[PDB]
Ligand SMILES: [Fe+2]
């Protein structure tokens with residue numbers, strides 16, 4: 001059912017009142033999903049897999065979350081439908097056999113919605129004021145966390161880790177208004193907003209964890225940052241500065257080389273190539289060094305294998321990845337939940353996975369935004385603090401109440 005832009009989408013989402021819904025932007029389309037026809041839910045410590053459809057609830061064996069995810073995609077209530085997904089930070093720990101302190105958000109949900117609205121401008125097919133935020137607060141404690149990471153790195157425990165900070169927000173956030181105002185101020189590779197079981201998140205994702213089309217897998221590490229928060233002369237001065245800063249270039253190439261190794265774990269030998277090498281990517285309040293790496297999936301590997309290797313983005317966790325994940329759980333004192341996780345859209349053509357950064361989250365107990373910086377041996381705490389505030393300025397100025 002057919003009909004003959006972002007305001008309209010935003011208003012539609014307000015009429016979705018308290019209902020569960022999923023918004024995903026992948027240009028040229030905006031995807032809106034409402035309700036729940038089938039869902040796989042993995043709880044926060046990965047001890048229970050619950051499947052729900054109209055017929056009932058089931059518990060599924062959860063020895064392998066990836067295997068539950070495969071089971072869901074091949075289910076008869078699911079096959080051939082678009083699936084909207086979220087993957088919490090701690091999915092990595094669980095998949096890798098690394099002890100972790102469980103947060104409160106699920107490790108993984110996949111949902112087939114009951115109703116869908118697809119905007120392919122300026123049409124749509126149907127299927128069936130701002131909160132002031134002080135991003136400097138608690139910076140001294142954060143610079144201490146960075147100093148700890150730098151010392152651990154220089155002792156040789158690991159090479160890179162993303163240390164992040166949560167900013168608690170004073171009041172709850174109007175999701176559709178924030179979506180509208182926040183998006184016009186950003187140029188993300190994806191946008192998302194999801195509401196589910198009392199939890200909400202929205203954000204403007206700066207990079208893909210992963211995209212798979214047929215047999216081709218692509219990942220898009222971004223690493224290395226300057227502001228683009230001044231006039232155009234200041235911005236292009238910052239662009240040049242970024243392309244020639246040896247610390248940012250080094251951070252970038254170390255991440256790209258780990259993305260390559262990761263893909264070689266799941267791809268045909270000799271198929272892994274860098275298609276775009278360290279170009280600047282504009283992302284609202286910041287601009288980033290970005291590369292694109294691609295390969296051909298081996299015969300015995302599927303998109304979930306690739307996602308398990310690629311998740312979380314190197315550029316959100318660290319190098320080597322497992323040691324970085326351990327450092328993150330020792331250093332950070334609040335659960336990341338969905339921050340540095342992934343948003344998924346899965347359909348006929350594609351497995352699509354966006355990194356959850358530049359995002360806001362709220363549930364029954366917490367309401368917060370979150371940002372991190374990639375710490376290497378050369379890092380300076382003051383600079384990394386400032387960098388988090390540059391990233392937070394991608395979302396904080398546009399949190400509507
Ligand atoms: Fe950085």
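Counting neighbours? That spans all protein chains shown, and the Cβs are built from the backbone with ideal geometry, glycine included. Every number here is computed from the coordinates shown, using simple stated rules; none is lab data.
Going by how many other Cβ atoms sit within 10 Å of their own, how do 2, 89, 307, 351 line up, fewest first?
Neighbour counts put them in this order, fewest first: 2, 351, 307, 89.
Rounded to two decimal places and with Rh computed the Kirkwood way over Cα pairs, what is Rg over Rh for region 228-270?
My calculation puts Rg/Rh at 1.26.
Given contacts defined as C-alpha pairs under 8 Å and at least six residues apart, what's the relative contact order of region 335-401, whole-number percent?
Across region 335-401, relative contact order equals 23 percent.
What shape does region 213-339 take by its C-alpha gyration tensor, where a ≥ b ≥ c are the square roots of the eigenvalues and a/c under 1.5 counts as rounded, a/b above b/c as prolate, and the rest as oblate?
oblate
Simple spin-label model, 7 Å along Cα-to-Cβ: residue 172 to residue 151 in nm?
If labels sit at residue 172 and residue 151, their model points lie 4.2 nm apart.
How compact is region 298-391 by the rule of thumb for globular proteins, expressed as Cα Rg over 2.2 N^0.38 Å?
1.26
Over the residues of region 115-264, compute the C-alpha Rg and express it relative to 2.2 N^0.38 Å.
This ratio for region 115-264 stands at 1.33.
Ranked highest first by average number of other Cβ atoms within 10 Å, how do 278-288, 63-73, 158-168 line up?
158-168, 278-288, 63-73
Where does each of 60, 304 land when they are ranked from fewest to most other beta-carbon atoms within 10 angstrom?
Ranking 60, 304 by Cβ neighbours within 10 Å, fewest first, gives 60, 304.
In nm, to one decimal, how far is the residue 125 label point from the residue 239 one, both placed 7 Å along Cα→Cβ?
About 3.7 nm separates the two model spin labels.
Enter the Cα centre distance for the pair region 386-401 and region 16-64, rounded to the nearest angstrom.
29
Neighbouring Cβ atoms within 10 Å as the yardstick, rank 105, 368 fewest first.
Listing 105, 368 from fewest to most nearby Cβ atoms yields 368, 105.
Rg to Rh for region 13-148: what is it, with Cα atoms only and Rh by Kirkwood?
1.07
Which shape class applies to region 337-401: rounded if a/c is under 1.5, otherwise prolate when a/b exceeds b/c and oblate if not, where a ≥ b ≥ c are the square roots of the Cα gyration tensor eigenvalues?
Oblate.
Taking 1 over the mean of 1/r across every pair of different Cα atoms in the chain, what Kirkwood radius in Å do you get?
Taking the inverse mean of 1/r over all distinct Cα pairs, the chain comes out at 21.3 Å.
Per DSSP helix of 4 or more residues, -39500 (n - 2.57); summed, then divided by the residues of the chain. What does that give at 222 nm, rounded to the nearest 500?
Taken over the chain, the calculation gives -8500 deg cm²/dmol.
Highest first, please rank the peptides 38-46, 24-32, 311-319 by the mean number of other Cβ atoms sitting within 10 Å of their residues.
311-319, 38-46, 24-32
I'd like the per residue volume of the convex hull spanned by the Cα atoms of region 181-267, given in cubic angstrom.
156
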